[PDB]
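First up is the structure itself, then whatever we jot down about it.
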Amino acid sequence: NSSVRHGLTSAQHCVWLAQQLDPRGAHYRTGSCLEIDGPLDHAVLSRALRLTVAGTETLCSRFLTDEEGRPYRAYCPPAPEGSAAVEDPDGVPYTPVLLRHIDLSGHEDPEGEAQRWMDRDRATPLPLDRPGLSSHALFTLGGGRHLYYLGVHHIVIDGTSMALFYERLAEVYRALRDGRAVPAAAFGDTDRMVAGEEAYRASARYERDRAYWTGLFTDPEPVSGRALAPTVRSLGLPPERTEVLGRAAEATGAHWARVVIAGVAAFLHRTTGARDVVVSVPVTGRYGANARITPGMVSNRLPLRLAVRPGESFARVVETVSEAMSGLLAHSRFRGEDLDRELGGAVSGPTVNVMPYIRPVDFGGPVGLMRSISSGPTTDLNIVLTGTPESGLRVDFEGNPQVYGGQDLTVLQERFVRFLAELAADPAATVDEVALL
Ligand SMILES: *CCCCCNC(=O)[C@H](C)N
Ligand SMILES: [Cl-]
């Protein structure tokens, strides 16, 4: 139904408000891609995309305002497959669906050229009142290799949902190629997920969480302006370099993402001398079965306050992270932006985003591996990891361009990785004694 006014999630309200401060800006454009190791049929994949979008409410939506100016979400189905119509018979715009095909096979540096293309696209503003807030391109790179680019407005798609989209696209593609019925879209309902958030705000737990978070930061100013689209520098680490993180996880008993967060806390402590370190951690903000399967934007960012005292081993820092994360998860439903609103002023540190495992995407032979292009805007620094210690990592340092140049990030990144690796190689060692020239 086209006249129904859908409620925004908390995260979507937050993005909406931020967008109004810079109406024509592109700072909330984000993107990812799949590096695909075998040939795909663009014509079939284009059909697959239309069908994928048609069953993904968030990729069919536009944002409008009531008379008070308050936003709501409106659903705009695409036109039927084959149809060229732009509006339905009642004047409701159809969500356009376009899969660009960019053949770079005869190019000197297909990869580099595709990256420059994605960066140009990420700098393109998408007005929120026009349905279909995404941008798609299939690159042909020669040798039967492809790149699928998914560019979005952050208000419609979070990191979790990117994986949901890629899984669904491939599933649809496989069916179309096999000539099977396309399996039914098994996505959840955004309205129910929003209703869940509303129930939480109305519940006692909200006040408990509020007390908890205000309690922890009643007193600290963030240490290194507006949030801007980052300059992104990316570093590939093969398994030979990353396996050590897995060994550190095994030995400390902590998940490897915690080892990385401990690593960042250690790095900040050594770089700046502060014992009161803060890093921000994204959580998915998805609670319950329906929410876990609803493409959309519900992610939350929460500050992690970590005491790093002199003489401590790296294993002790991992425990500090563990202790702090336990509190954060137990009160995870409280919105980071509401915590900031309460405290006033500017609380945050570098975002440390260790993305969860995503199985390689299967197109029926060809296999797609996901990599981040830009995860979101930043006042300072996002650290984004994709991969696993066993399979290798991609490490992205995403820096506010007023704060960092590309070269600053490369140097920072290289120093951090070498420091993390040596910490991980011996968690018993005192952090302060670990040589970092
Ligand atoms: C005001 C909206 C919430 C913050 C936006 N979230 C992100 O940028 C995530 C970390 N990619
Ligand atoms: Cl996200």
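Chains: A, B, ... in order of the structure tokens. Residues: from 1 per chain. Ligands: from 1, in order shown.
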Legend entry - Members of range 144-280 of chain A assigned strand (DSSP E or B) by DSSP, as a PyMOL selection string: chain A and resi 145-153+228+231-237+276-280
Can you write out the residues you just picked, keeping N, CA, C and O atoms, as a PDB file, in the first residue's frame?
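Listed below is the output, again-v7.pdb:
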```pdb
ATOM      1  N   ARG A 145      36.316 -12.052 -14.442  1.00  0.00           N
ATOM      2  CA  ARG A 145      36.163 -11.540 -13.083  1.00  0.00           C
ATOM      3  C   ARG A 145      35.228 -10.345 -13.086  1.00  0.00           C
ATOM      4  O   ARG A 145      35.186  -9.594 -14.066  1.00  0.00           O
ATOM      5  N   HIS A 146      34.486 -10.179 -11.987  1.00  0.00           N
ATOM      6  CA  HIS A 146      33.520  -9.093 -11.849  1.00  0.00           C
ATOM      7  C   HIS A 146      33.674  -8.371 -10.512  1.00  0.00           C
ATOM      8  O   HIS A 146      34.253  -8.895  -9.558  1.00  0.00           O
ATOM      9  N   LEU A 147      33.132  -7.160 -10.472  1.00  0.00           N
ATOM     10  CA  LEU A 147      32.933  -6.415  -9.243  1.00  0.00           C
ATOM     11  C   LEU A 147      31.478  -6.001  -9.226  1.00  0.00           C
ATOM     12  O   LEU A 147      31.029  -5.403 -10.195  1.00  0.00           O
ATOM     13  N   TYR A 148      30.730  -6.335  -8.171  1.00  0.00           N
ATOM     14  CA  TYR A 148      29.375  -5.786  -8.011  1.00  0.00           C
ATOM     15  C   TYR A 148      29.435  -4.689  -6.984  1.00  0.00           C
ATOM     16  O   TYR A 148      29.801  -4.929  -5.840  1.00  0.00           O
ATOM     17  N   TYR A 149      29.053  -3.486  -7.380  1.00  0.00           N
ATOM     18  CA  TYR A 149      29.017  -2.379  -6.446  1.00  0.00           C
ATOM     19  C   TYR A 149      27.619  -2.095  -5.970  1.00  0.00           C
ATOM     20  O   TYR A 149      26.707  -1.902  -6.778  1.00  0.00           O
ATOM     21  N   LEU A 150      27.473  -2.034  -4.649  1.00  0.00           N
ATOM     22  CA  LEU A 150      26.248  -1.596  -4.007  1.00  0.00           C
ATOM     23  C   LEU A 150      26.492  -0.291  -3.278  1.00  0.00           C
ATOM     24  O   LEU A 150      27.179  -0.267  -2.263  1.00  0.00           O
ATOM     25  N   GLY A 151      25.938   0.788  -3.804  1.00  0.00           N
ATOM     26  CA  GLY A 151      26.029   2.079  -3.162  1.00  0.00           C
ATOM     27  C   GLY A 151      24.674   2.392  -2.580  1.00  0.00           C
ATOM     28  O   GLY A 151      23.668   2.106  -3.211  1.00  0.00           O
ATOM     29  N   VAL A 152      24.630   2.922  -1.364  1.00  0.00           N
ATOM     30  CA  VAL A 152      23.352   3.220  -0.726  1.00  0.00           C
ATOM     31  C   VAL A 152      23.375   4.547   0.033  1.00  0.00           C
ATOM     32  O   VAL A 152      24.426   5.092   0.328  1.00  0.00           O
ATOM     33  N   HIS A 153      22.196   5.067   0.344  1.00  0.00           N
ATOM     34  CA  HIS A 153      22.083   6.045   1.409  1.00  0.00           C
ATOM     35  C   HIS A 153      22.037   5.286   2.724  1.00  0.00           C
ATOM     36  O   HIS A 153      21.307   4.304   2.846  1.00  0.00           O
ATOM     37  N   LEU A 228      31.991  13.741   8.305  1.00  0.00           N
ATOM     38  CA  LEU A 228      32.213  13.851   6.871  1.00  0.00           C
ATOM     39  C   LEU A 228      32.544  12.492   6.293  1.00  0.00           C
ATOM     40  O   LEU A 228      33.087  11.640   6.991  1.00  0.00           O
ATOM     41  N   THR A 231      38.081   9.774   3.944  1.00  0.00           N
ATOM     42  CA  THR A 231      39.134   9.290   3.083  1.00  0.00           C
ATOM     43  C   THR A 231      39.454   7.879   3.572  1.00  0.00           C
ATOM     44  O   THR A 231      39.694   7.676   4.766  1.00  0.00           O
ATOM     45  N   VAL A 232      39.425   6.916   2.662  1.00  0.00           N
ATOM     46  CA  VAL A 232      39.532   5.505   3.027  1.00  0.00           C
ATOM     47  C   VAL A 232      40.849   4.956   2.512  1.00  0.00           C
ATOM     48  O   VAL A 232      41.130   5.035   1.322  1.00  0.00           O
ATOM     49  N   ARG A 233      41.656   4.417   3.415  1.00  0.00           N
ATOM     50  CA  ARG A 233      42.835   3.667   3.016  1.00  0.00           C
ATOM     51  C   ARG A 233      42.722   2.231   3.497  1.00  0.00           C
ATOM     52  O   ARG A 233      42.455   1.966   4.679  1.00  0.00           O
ATOM     53  N   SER A 234      42.936   1.318   2.553  1.00  0.00           N
ATOM     54  CA  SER A 234      42.659  -0.099   2.749  1.00  0.00           C
ATOM     55  C   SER A 234      43.925  -0.929   2.619  1.00  0.00           C
ATOM     56  O   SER A 234      44.761  -0.678   1.751  1.00  0.00           O
ATOM     57  N   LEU A 235      44.048  -1.923   3.489  1.00  0.00           N
ATOM     58  CA  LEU A 235      45.236  -2.755   3.559  1.00  0.00           C
ATOM     59  C   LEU A 235      44.826  -4.216   3.630  1.00  0.00           C
ATOM     60  O   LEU A 235      44.044  -4.599   4.497  1.00  0.00           O
ATOM     61  N   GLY A 236      45.346  -5.011   2.702  1.00  0.00           N
ATOM     62  CA  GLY A 236      45.139  -6.446   2.708  1.00  0.00           C
ATOM     63  C   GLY A 236      46.193  -7.160   3.527  1.00  0.00           C
ATOM     64  O   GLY A 236      47.394  -6.929   3.358  1.00  0.00           O
ATOM     65  N   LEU A 237      45.732  -8.014   4.434  1.00  0.00           N
ATOM     66  CA  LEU A 237      46.601  -8.826   5.266  1.00  0.00           C
ATOM     67  C   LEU A 237      46.296 -10.296   4.966  1.00  0.00           C
ATOM     68  O   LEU A 237      45.189 -10.785   5.258  1.00  0.00           O
ATOM     69  N   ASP A 276      42.625   6.581  30.367  1.00  0.00           N
ATOM     70  CA  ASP A 276      41.180   6.588  30.175  1.00  0.00           C
ATOM     71  C   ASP A 276      40.913   6.667  28.668  1.00  0.00           C
ATOM     72  O   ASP A 276      40.806   7.753  28.096  1.00  0.00           O
ATOM     73  N   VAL A 277      40.838   5.502  28.026  1.00  0.00           N
ATOM     74  CA  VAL A 277      40.675   5.420  26.575  1.00  0.00           C
ATOM     75  C   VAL A 277      39.225   5.141  26.196  1.00  0.00           C
ATOM     76  O   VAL A 277      38.524   4.404  26.885  1.00  0.00           O
ATOM     77  N   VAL A 278      38.772   5.738  25.098  1.00  0.00           N
ATOM     78  CA  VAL A 278      37.426   5.481  24.612  1.00  0.00           C
ATOM     79  C   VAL A 278      37.475   5.054  23.149  1.00  0.00           C
ATOM     80  O   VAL A 278      38.124   5.695  22.324  1.00  0.00           O
ATOM     81  N   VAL A 279      36.795   3.953  22.849  1.00  0.00           N
ATOM     82  CA  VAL A 279      36.557   3.541  21.470  1.00  0.00           C
ATOM     83  C   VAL A 279      35.067   3.290  21.300  1.00  0.00           C
ATOM     84  O   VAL A 279      34.386   2.883  22.236  1.00  0.00           O
ATOM     85  N   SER A 280      34.548   3.570  20.115  1.00  0.00           N
ATOM     86  CA  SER A 280      33.134   3.352  19.860  1.00  0.00           C
ATOM     87  C   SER A 280      32.947   2.040  19.100  1.00  0.00           C
ATOM     88  O   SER A 280      33.722   1.713  18.203  1.00  0.00           O
TER      89      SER A 280
END
```
Inset, instruction - Collect all residues with atoms no farther than 10 Å from ligand 2, counting only C-alpha atoms and all ligand atoms, and output them as a VMD selection string. - result: chain A and resid 11 30 154 to 155 157 to 162 282 to 285 296 to 301 353 355 375 to 376
Inset, instruction - Tell me, as a ChimeraX atom specification, which residues lie within 12 Å of residue 50 in chain A, counting only C-alpha atoms; anything in the same chain fewer than 3 positions away does not count. - result: /A:43-47,53-56,59-60,77-83,94-99,132,136,168-169,172-173
Just the selected residues (C-alpha atoms), exported as a compact mmCIF listing (two decimals), in the first residue's frame, please.
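Result file follows (result_0.txt):
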```txt
# COMPACT_ATOMS: atom_id res chain seq x y z
CA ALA A 43 20.94 -9.41 -18.39
CA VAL A 44 19.92 -12.13 -15.94
CA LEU A 45 21.55 -10.40 -13.00
CA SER A 46 19.60 -7.24 -13.90
CA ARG A 47 16.34 -9.21 -13.73
CA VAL A 53 14.61 -4.88 -4.86
CA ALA A 54 10.88 -5.64 -5.28
CA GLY A 55 10.99 -7.94 -2.22
CA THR A 56 13.17 -5.56 -0.15
CA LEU A 59 15.20 -0.42 -1.21
CA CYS A 60 11.70 0.57 -2.44
CA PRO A 77 7.16 -0.80 -5.54
CA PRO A 78 9.18 -1.01 -8.74
CA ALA A 79 7.36 -1.22 -12.05
CA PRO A 80 6.62 -4.81 -13.17
CA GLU A 81 9.43 -6.70 -14.95
CA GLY A 82 9.46 -5.70 -18.61
CA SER A 83 7.36 -2.60 -17.97
CA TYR A 94 7.81 3.46 -9.22
CA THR A 95 11.17 2.74 -7.65
CA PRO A 96 13.62 2.75 -10.58
CA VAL A 97 15.90 -0.27 -10.81
CA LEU A 98 19.08 0.03 -12.83
CA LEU A 99 22.03 -2.33 -12.92
CA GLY A 132 15.08 3.63 -4.43
CA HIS A 136 24.17 -0.56 -8.52
CA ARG A 168 19.29 -12.66 -1.76
CA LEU A 169 20.61 -11.34 -5.11
CA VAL A 172 17.50 -15.03 -7.17
CA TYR A 173 20.24 -15.12 -9.81
```
Legend entry - For CA of residue 352 in chain A and CA of residue 115 in chain A, the interatomic separation in Å (one decimal):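 Here the two named atoms are 23.3 Å from each other.
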Legend entry - Long-range neighbours of residue 358 in chain A as a PyMOL selection string, 8 Å cut-off, only C-alpha atoms, 2 positions minimum in chain: chain A and resi 163+356+360+370
Residues of the last selection are to be written out with N, CA and C atoms, as a PDB file, in the first residue's frame.
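The resulting result.pdb:
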```
ATOM      1  N   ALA A 163      24.834  -7.596   3.602  1.00  0.00           N
ATOM      2  CA  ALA A 163      24.995  -9.043   3.479  1.00  0.00           C
ATOM      3  C   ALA A 163      23.665  -9.707   3.129  1.00  0.00           C
ATOM      4  N   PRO A 356      31.148  -9.037  11.133  1.00  0.00           N
ATOM      5  CA  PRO A 356      30.925 -10.460  11.407  1.00  0.00           C
ATOM      6  C   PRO A 356      31.206 -11.310  10.166  1.00  0.00           C
ATOM      7  N   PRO A 360      31.113 -16.543   1.677  1.00  0.00           N
ATOM      8  CA  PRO A 360      31.197 -16.158   0.261  1.00  0.00           C
ATOM      9  C   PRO A 360      29.855 -16.350  -0.484  1.00  0.00           C
ATOM     10  N   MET A 370      32.942 -10.109  -0.226  1.00  0.00           N
ATOM     11  CA  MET A 370      32.509  -8.757   0.125  1.00  0.00           C
ATOM     12  C   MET A 370      33.649  -7.907   0.648  1.00  0.00           C
TER      13      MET A 370
END
```
Legend entry - Between CA of residue 257 in chain A and CA of residue 354 in chain A, distance in Å (one decimal):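 Atom-to-atom, CA of residue 257 in chain A and CA of residue 354 in chain A are spaced 5.9 Å apart.
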Inset, instruction - Write out as a PyMOL selection string each polymer residue whose atoms come within 12 Å of range 269-271 of chain A, counting only C-alpha atoms; drop sequence neighbours fewer than 5 positions from it. - result: chain A and resi 223-224+262-264+276-279+306-310+312+314+317+412+415-416+419-420+430-437
Legend entry - Nearest to ligand 1, chosen from A:417, A:137, A:4, A:21, with only C-alpha atoms and all ligand atoms counted in the distances: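 Ranked by minimum distance to ligand 1, first place goes to A:21.
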Inset, instruction - Write out as a ChimeraX atom specification all residues of range 156-404 of chain A that backbone DSSP assigns to alpha helix (DSSP H). - result: /A:159-178,190-202,204-217,239-252,256-272,289-292,314-330,336-343
Inset, instruction - Could you check which of A:229, A:141, A:64, A:245 is closest to residue 112 in chain A, using only C-alpha atoms? - result: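 Selected residue with least distance to residue 112 in chain A: A:141.
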Inset, instruction - Excluding residue 331 in chain A and residues on its chain fewer than 3 positions from it, collect all residues at most 10 Å away from it, counting only C-alpha atoms, and give them as JSON, numbers by chain. - result: {"A": [205, 206, 208, 209, 210, 211, 212, 213, 302, 325, 326, 327, 328, 334, 335]}
Inset, instruction - Measure the distance from CA of residue 313 in chain A to CA of residue 427 in chain A in Å and round it to one decimal. - result: 6.4 Å
Inset, instruction - Using only C-alpha atoms and all ligand atoms, pick whichever of A:202, A:249, A:339, A:118 has the shortest atom-to-atom distance to ligand 1. - result: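 Between A:202, A:249, A:339, A:118, the residue approaching ligand 1 most closely is A:339.
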Inset, instruction - Give me the residues within 12 Å of residue 240 in chain A as a PyMOL selection string, counting only C-alpha atoms and dropping any in the same chain fewer than 4 places off. - result: chain A and resi 236+244-246+388-393+421
For N, CA and C atoms, I'd like the residues from the last selection saved as a compact mmCIF listing (two decimals), in the first residue's frame.
```txt
# COMPACT_ATOMS: atom_id res chain seq x y z
N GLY A 236 45.35 -5.01 2.70
CA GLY A 236 45.14 -6.45 2.71
C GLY A 236 46.19 -7.16 3.53
N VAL A 244 47.70 -15.06 13.66
CA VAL A 244 48.15 -14.81 15.02
C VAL A 244 47.00 -14.28 15.86
N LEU A 245 46.08 -13.55 15.24
CA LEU A 245 44.94 -13.02 15.97
C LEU A 245 44.05 -14.15 16.48
N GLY A 246 43.90 -15.18 15.66
CA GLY A 246 43.16 -16.37 16.04
C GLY A 246 43.80 -17.10 17.21
N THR A 388 38.53 -12.92 8.35
CA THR A 388 38.73 -13.68 9.58
C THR A 388 40.22 -13.95 9.76
N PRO A 389 40.63 -14.28 10.98
CA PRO A 389 42.07 -14.50 11.11
C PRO A 389 42.56 -15.64 10.21
N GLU A 390 41.70 -16.64 10.00
CA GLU A 390 42.07 -17.78 9.16
C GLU A 390 42.08 -17.49 7.66
N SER A 391 41.21 -16.60 7.20
CA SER A 391 41.05 -16.37 5.77
C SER A 391 41.81 -15.12 5.28
N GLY A 392 42.29 -14.30 6.21
CA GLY A 392 42.90 -13.03 5.88
C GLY A 392 41.95 -11.86 6.12
N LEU A 393 42.52 -10.67 6.32
CA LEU A 393 41.73 -9.49 6.62
C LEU A 393 41.96 -8.37 5.63
N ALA A 421 49.75 -7.08 15.79
CA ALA A 421 50.30 -8.40 15.50
C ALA A 421 51.27 -8.83 16.59
```
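Between ligand 1 and the candidates A:138, A:383, A:428, A:329, the tightest atom-to-atom separation, counting only C-alpha atoms and all ligand atoms, involves A:383.
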Inset, instruction - Would you mind telling me which residue in A:394, A:142, A:227, A:384 lies nearest to residue 39 in chain A when using only C-alpha atoms? - result: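 Selected residue with least distance to residue 39 in chain A: A:142.
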